[PDB]
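To start, the structure under review is shown below, and the notes come after it.
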Amino acid sequence: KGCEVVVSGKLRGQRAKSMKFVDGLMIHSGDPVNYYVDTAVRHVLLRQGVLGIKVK
Amino acid sequence: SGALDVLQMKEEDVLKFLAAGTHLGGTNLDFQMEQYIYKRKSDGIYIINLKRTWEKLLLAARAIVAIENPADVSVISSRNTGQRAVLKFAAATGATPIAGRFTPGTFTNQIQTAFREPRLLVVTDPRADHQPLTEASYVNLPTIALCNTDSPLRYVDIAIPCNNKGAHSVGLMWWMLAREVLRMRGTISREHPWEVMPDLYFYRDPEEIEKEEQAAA
Amino acid sequence: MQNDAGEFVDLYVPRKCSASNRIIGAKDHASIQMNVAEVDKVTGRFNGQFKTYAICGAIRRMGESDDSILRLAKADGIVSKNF
Amino acid sequence: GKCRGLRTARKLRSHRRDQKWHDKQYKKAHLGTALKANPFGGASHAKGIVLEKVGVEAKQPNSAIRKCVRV
Amino acid sequence: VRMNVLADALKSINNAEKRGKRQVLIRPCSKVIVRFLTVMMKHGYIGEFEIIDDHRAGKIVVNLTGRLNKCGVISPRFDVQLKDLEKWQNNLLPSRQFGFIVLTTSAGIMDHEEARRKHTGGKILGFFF
Amino acid sequence: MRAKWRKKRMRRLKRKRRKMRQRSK
Amino acid sequence: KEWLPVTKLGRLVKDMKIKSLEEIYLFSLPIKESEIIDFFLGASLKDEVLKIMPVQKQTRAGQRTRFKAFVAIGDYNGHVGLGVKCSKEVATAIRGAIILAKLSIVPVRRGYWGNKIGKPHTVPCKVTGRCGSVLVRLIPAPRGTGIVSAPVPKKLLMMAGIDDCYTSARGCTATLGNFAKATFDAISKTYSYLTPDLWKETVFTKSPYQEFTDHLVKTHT
Amino acid sequence: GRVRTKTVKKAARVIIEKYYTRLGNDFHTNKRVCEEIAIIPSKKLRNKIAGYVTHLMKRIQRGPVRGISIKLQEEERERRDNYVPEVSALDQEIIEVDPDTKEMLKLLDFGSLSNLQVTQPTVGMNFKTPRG
Amino acid sequence: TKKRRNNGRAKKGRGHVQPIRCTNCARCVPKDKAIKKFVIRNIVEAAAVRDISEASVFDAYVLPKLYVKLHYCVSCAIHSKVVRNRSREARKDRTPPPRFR
RNA sequence: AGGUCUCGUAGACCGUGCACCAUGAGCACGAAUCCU
RNA sequence: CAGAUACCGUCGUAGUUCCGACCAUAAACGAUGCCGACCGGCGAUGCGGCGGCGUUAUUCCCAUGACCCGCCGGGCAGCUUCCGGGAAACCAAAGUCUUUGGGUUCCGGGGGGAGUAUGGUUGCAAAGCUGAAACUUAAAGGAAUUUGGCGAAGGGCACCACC
Ligand SMILES: [Zn+2]
């Protein structure tokens, strides 16, 4: 019922940018964040640079 | 609406109109209401011709009874003078009542849970209810209004000349519209006086309610 | 609305107002169509003969639409002529 | 137009001539000053003799030197 | 001061039909004004009008319908021939199927199709569509 | 500068030009 | 992926008891559901972008850019529409613009140039649309001339079905939104012009609501 | 500052809406009522619900409220709305009628009525507030 | 641009009014442009009234007032906070502020 | 004959100024779309 | 005050005042030429005229002045308005304009140079009227919105502010 994906890095240019795609509900404070969301961070190596993935 | 003989004021509705203070209206005068006024009485009180009230009342009654779905006509009141009157009008004639806080979006906002989209609007005053008349312009909605000598005339189709200030006149005219619509409907009789209670449609202040409940049982 | 052959070529004929005689637009949401009931002559009963009238939006927002309906009912003859 | 008389052509003509003189291109093309001060004198190409070669600078938002000659 | 009664008359009837009125008064009269409204009445653009015969200059009560779009006056009265009328009809009528040019020829004051048929020209007054 | 004092210094320049014109005859 | 109407017009078109959109245009009923025209106008209703432009709002931290999308809708044999939508992303903006343009579609009639031969091809009179300072004027044209204009009213008149035009513009034509809206207003104003070919009194046909009161009560509350 | 949030007030309003017949003035009894009927993940939230319900019961016991419409004060509003007097309140034996109203009524449909009487008019036309 | 329909004054068909001087300042201001203050106040306000009435030779004595007219320039009126700026839609209000005490 | 006429007491609109208070090197900036 | 020939304070010259002879300049603004017609209302204002319950000039009558109710014509204005227009602020005129023409005079074609050089002319003088060019420039401007900044105003807060 709620999701949030964040990407950051080289997105068609020299200077890095950050795109955020949020749809649904998202709790940010309190202990329900400790047991209602799952946070995973990965690094993607491209040819022109390294790209970041953050999924909740 | 008056070309026949049975559609005329017979004996007693003149007495009700004179008892409820129908003939005397506001001090100032709108220029669209000039055809409905005979002559200014002294101390700044304008006199409304009762014939024109009767004919515009029958025109409004014909416009109401023309639709065959009574759920498609909505009566509007946001003032304390006509709260119970529109509710009992909708109880008698099968209409839909709006009493207090006409929300901005019943007519236009589609996904709102209170989306009521009627075919006919009947309102008791144009000045106090300019917000239904504005939202009646964005949709093809004919309006019925009870218009005073002072109230502006805009987005109206049938203007009944009235005194919409006192409670007796408002309740009496709502009862007359209900009586005429039920008479051309055919669920009530014509020759027999159907008049069970004429005081049923009158708003009163609650101090009179405690005074009445302490005087009576 | 015709051509030299005689076939109807326009897609529809729009309405016109009964007071100002102006063409009602397809997107003029201030325009109205109102039905008024005709009564039997002796009984006072509604039978169902209908005589509808349409008013364009400019006359309605002008403030003179009720006078237009009054003059149409004068012309048809249902409301009393003495008035 | 403003003057709309049936027998008014002169005021229109003289006013049109005066407001045509109150211009820039018509003022430039019809006076002897803009051709007398013109180095080419109403000519497209010209010959000349170089005497010095001077490098003039560029404007504000870009930085270069520009190779030029004195003819 | 008042230098053209016909321009003021057609401006007044244009304002009256643009607001939506039904009856209008024109303060002066002329024979040329009555001929102009007779042309528009024969062509069915205005209704049946009246003449208030007062001893000053006649007042004209014109019945207005919704069939009129614009009435205009060209001032001054320009000389127009048979060969130069097509330019006026092209840049002054809204379409080739409707609209009329009222021009004064020696055989009366009427539309430009009838003057085309009788092969005569003259001075232009105005237009209506 | 505003137009007033630029106008004033232009008038003073006009004055000095006028005296040198009259004394340069 | 089914259609659930919220207004009674959507249901009354949904149950195949409204034959065409022509009586909706005749009775001047407002359209609030976009799938009615998709039900009526199908494969011939095509669309394309005109201009995507960015706008900026100044805040405390940086600048926020939202993209505004213009689009034109209309089949090649009649009706045409236009819509403006702004959103933070481009896909949401173009989808909202397509939906809002498909929702608001005007009809247009076509006339003749002198001789009433064959199907109509041009604008029957001189119409003018204005918004901002933008002026556009449409002239009837002879057959086979082709649309001579700027590229964007050429595109709009191709989606309007008219193939013969003479145009004349004035003002700041570089603003594409006001120029497109002025040409759309000039197209949509072709009915508020009473030509003498419809001076007869119309006959008042029957309204859909009162005709299908029984079906509306039978279907919904 | 102890100001209750909107979730506390909304929950208290709906629990005093759907349940009234098993409530009282004691804080502990309707605290146990709110514990038994409503599932609440904590104790302080349930406690604040119980306190605001107790305050709302004490104000409903005095007079009606515009946000909660319970079953028992309902039918009473339409009892006051459906009250009728045995008199008609417009059928009075004598009606005081203006002379201008009388010369209306002589010319509309009627010539003489024995139920109406006339009143004298005023002597001065002073009817506006002094403004200037 | 045009800030007010009038020019912050009361001159419509005159072209020249008699200038006056300020009270806080000495600035030459036109009469219809200056802010006017016709103040009514007592010599003793609320504390010395009992001391005057309890040390007076005469019983049942009325206390005289001060009747002066204050003429203010615009900057002196703002700086003394006699009048304050308003919103664009609330600028058009012309009634005086209501009095209670 | 009675002996403090009754009903609640913003009962602050006391004032006006208000010492000196100048200046800021720029390179760091790039606007877009649909599913097989 | 770093400086102060400035803001502030004490004196004080021409001038400020009248007569007579000059110059002809202002944000000389309503930043809106003059005449004529048409096109919503509302309540007041100054003048002139008309009609009408009533009160005062001490109790009856008449006219007059002083009030109240309405109109007519002209004038300074005010409030509301999806008449209509404009880039908008706003305008009952800045409306009746691509559906483009009632009559008539003056005046402007990007910003600077520049109201400048010269010529003519008026004047005792200061200066007024007429009035360029060379060259340089890709912007200079008008309305309105969103942020930041006020030694702008009105409400609240903080011991990384004060008492
Ligand atoms: Zn001052």
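Following Swiss-Prot, chain I residues are numbered 2-102, in order.
Backbone N, Cα and C atoms are what each Cβ position is placed from, and that goes for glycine too.
Taken straight from Swiss-Prot:
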BINDING   I:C23, I:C26, I:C74, I:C77  Zn(2+) binding site
MOD_RES   I:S54  phosphoserine
COMPBIAS  I:87-97  compositional bias 'Basic and acidic residues'
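What Swiss-Prot annotates, mapped onto the structure for a quick look.
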residue : record              : Cβ contacts under 8 Å, 6 or more apart
I:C23   : Zn(2+) binding site : I:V30, I:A35, I:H72, I:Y73, I:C74, I:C77
I:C26   : Zn(2+) binding site : I:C74, I:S76, I:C77
I:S54   : phosphoserine       : I:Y62
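Across the compositional bias 'Basic and acidic residues' (I:87-97), DSSP assigns 0 helix, 0 strand, 11 coil. Taking the centroid of the Cβ atoms of I:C23, I:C26, I:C74, I:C77 as the Zn(2+) site, the other same-chain residues with Cβ within 8 Å of it are I:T24, I:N25, I:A27, I:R28, I:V30, I:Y73, I:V75, I:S76, I:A78. For I:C74 (Zn(2+) binding site), the Cβ neighbour count at a 10 Å cut-off comes to 21, with all displayed protein chains included. Secondary structure from DSSP puts I:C74 (Zn(2+) binding site) in coil.
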